[PDB]
Amino acid sequence: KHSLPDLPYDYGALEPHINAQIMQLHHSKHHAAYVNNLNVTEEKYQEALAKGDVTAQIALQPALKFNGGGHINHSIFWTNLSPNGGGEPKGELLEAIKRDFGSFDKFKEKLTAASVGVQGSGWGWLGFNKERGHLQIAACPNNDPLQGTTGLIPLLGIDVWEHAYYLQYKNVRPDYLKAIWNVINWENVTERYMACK
Amino acid sequence: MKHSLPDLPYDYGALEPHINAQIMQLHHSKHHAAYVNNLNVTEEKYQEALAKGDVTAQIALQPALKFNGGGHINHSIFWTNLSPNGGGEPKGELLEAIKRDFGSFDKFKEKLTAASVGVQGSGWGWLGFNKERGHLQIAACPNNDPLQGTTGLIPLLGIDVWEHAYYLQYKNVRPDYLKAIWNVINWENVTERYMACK
Ligand SMILES: [K+]
Ligand SMILES: [K+]
Ligand SMILES: [K+]
Ligand SMILES: [K+]
Ligand SMILES: [K+]
Ligand SMILES: [K+]
Ligand SMILES: [K+]
Ligand SMILES: [K+]
Ligand SMILES: [K+]
Ligand SMILES: [K+]
Ligand SMILES: [K+]
Ligand SMILES: [K+]
Ligand SMILES: [K+]
Ligand SMILES: [Mn+2]
Ligand SMILES: [Mn+2]
């Protein structure tokens, strides 16, 4: 049974950048539903596999990817933010950002652009490409998770579903993207990067 | 338990001159055999991932499961949908339903032909049964995506329009294959599948 992780901080800890009502809904309603539906779907898959029911396995794929991906993505996202965040990373991650994107500021522009560019629901990611040994930006639709659908290892995700920002920023997704940089937990992103090497 | 390649219920040359023996043997003994085997490999990996709660691994396996699982589902139906005893028109309640839902048998053939010719890339044309609406319905599916798993419709008749289903004999002219296949449709099987829905 997958479980809803506790947040690493309280729901208001990322104010004013992401308001407490959003964090509370996002974790306690949206992520909770992913977890609950993921568990239901995995149990149905166990049954289908035991019976050799390939039709049922395939019919369950959309629920599995959506809720499973929701669980994967949100579990990473909470750790990617912190009340003590903001600013720039240091060390090898900063070195890699400068090497692969030219500068920290150009990296921000490129992840911002990928995130603002999602049409519909989805996510922007900074990932690590293990084959190539370098950083890579990608966008993913809906809750499709980065590693399961692209092979890239997730380092930093930005949720651009409307429920991630709408109560506060309404349609103005770019204002949310500007604000979120103030709460990036570069410690966590660095840990994820260093685990890849 | 493991999925198995069903034997083809007739000789590889039983459908000549409509589908030749070289196609039938490659399609069954090479293409379908590979789907079954790859499906069983993917299922095994999926069980492991599920036991470990590895959702990333489950999602990464979805393309192979749908493609090879769908391949197994669709080809298993297809072999039974063809017969040397086939061709002609169905009878009874299936014919009545075709006339009711499509206007006539020939109109139905045109619509299923159009759906099958219209696949861009690899895929299948299907006649299915919509259990909720209680009537027949035509759909096209990409690659090996299977009808029931992706649409909920119950498959009655499938036509494979992957190039391996026809290319050796008909080359690029997919409409020549589709003309030919009507001569070997096993309407007895299609009828059985339809009656099982009702
Ligand atoms: K907050
Ligand atoms: K703000
Ligand atoms: K988790
Ligand atoms: K540089
Ligand atoms: K999704
Ligand atoms: K958010
Ligand atoms: K079998
Ligand atoms: K013969
Ligand atoms: K497929
Ligand atoms: K069926
Ligand atoms: K064929
Ligand atoms: K011919
Ligand atoms: K012909
Ligand atoms: Mn979200
Ligand atoms: Mn085929």
Side-chain angles (χ1 to χ4, degrees), chain A residues 4-5 7-38 65-83 85-86 111-112 114-116 118 120-126 139-146 154 156-185 188-189, chain B residues 8-25 27-28 55 82-87 169 180 183-184:
Chain A
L4 180 68
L7 286 197
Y9 34 78
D10 61 312
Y11 292 136
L14 309 184
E15 293 212 322
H17 314 294
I18 305 174
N19 76 25
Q21 182 178 20
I22 292 176
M23 294 302 300
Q24 178 174 325
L25 283 163
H26 205 182
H27 173 255
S28 77
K29 303 299 188 178
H30 294 271
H31 192 176
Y34 300 136
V35 173
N36 292 151
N37 293 331
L38 171 55
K65 180 166 70 160
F66 179 71
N67 292 291
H71 181 49
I72 290 158
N73 304 336
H74 292 79
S75 292
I76 293 160
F77 188 56
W78 310 134
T79 72
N80 281 169
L81 310 172
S82 170
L111 185 53
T112 296
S115 297
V116 165
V118 169
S121 303
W123 290 74
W125 291 97
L126 176 66
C140 299
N142 299 313
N143 282 315
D144 287 17
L146 185 72
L156 171 62
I158 302 171
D159 186 358
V160 295
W161 285 61
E162 292 175 322
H163 63 242
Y165 62 83
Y166 206 88
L167 290 170
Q168 181 173 354
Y169 297 97
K170 313 301 181 294
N171 57 297
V172 195
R173 192 193 295 172
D175 283 6
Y176 159 66
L177 247 298
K178 182 179 183 194
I180 201 171
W181 293 107
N182 292 104
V183 295
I184 305 310
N185 185 1
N188 178 264
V189 183
Chain B
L8 188 74
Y10 36 79
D11 184 69
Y12 287 134
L15 306 188
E16 285 185 350
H18 309 294
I19 304 173
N20 74 30
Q22 181 180 28
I23 292 176
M24 295 305 298
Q25 181 170 174
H27 201 182
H28 177 261
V55 182
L82 309 174
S83 176
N85 312 109
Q169 185 173 358
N183 298 290
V184 294

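One-based numbering, in listed order, for ligands and for the atoms of each. We name chains A, B, ... by the order of the sequence lines, and we start the count at 1 in each one.
- Residue A:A164 counts as close to the K ion (ligand 6), with an N, O or S atom under 3.4 Å.
- Taking backbone and side-chain atoms together, A:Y176 has an N/O/S atom less than 3.4 Å away from the K ion (ligand 6).
- Here the side chains of A:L167 and A:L25 are in contact, with some heavy-atom distance below 4.5 Å.
- Judged by distance alone, the side chain of A:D175 and the main-chain N or O of A:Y169 form no donor-acceptor pair under 3.5 Å.
- Minimum-distance N/O/S atom of A:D159 relative to the Mn ion (ligand 14): OD2.
- Note: angle at the Mn ion (ligand 14), from NE2 of A:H74 to NE2 of A:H163, is 140° (rounded to 10 degrees).
- Distance check for A:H30 against the Mn ion (ligand 14): none of its N/O/S atoms falls below 2.8 Å.
- The distance from the K ion (ligand 8) to the nearest N/O/S atom of B:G13 is under 3.4 Å.
- Under the 3.5 Å distance criterion, the side-chain polar atoms of B:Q169 are left unmatched by any main-chain donor or acceptor of B:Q22.
- The aromatic rings of A:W123 and A:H74 lie perpendicular to each other, with more than 60° between the two planes, well past the 30° mark.
- Applying the side chain to side chain contact (heavy atoms under 4.5 Å, CB included) test between A:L7 and each of A:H27, A:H26, A:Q24 identifies A:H27 as the sole match.
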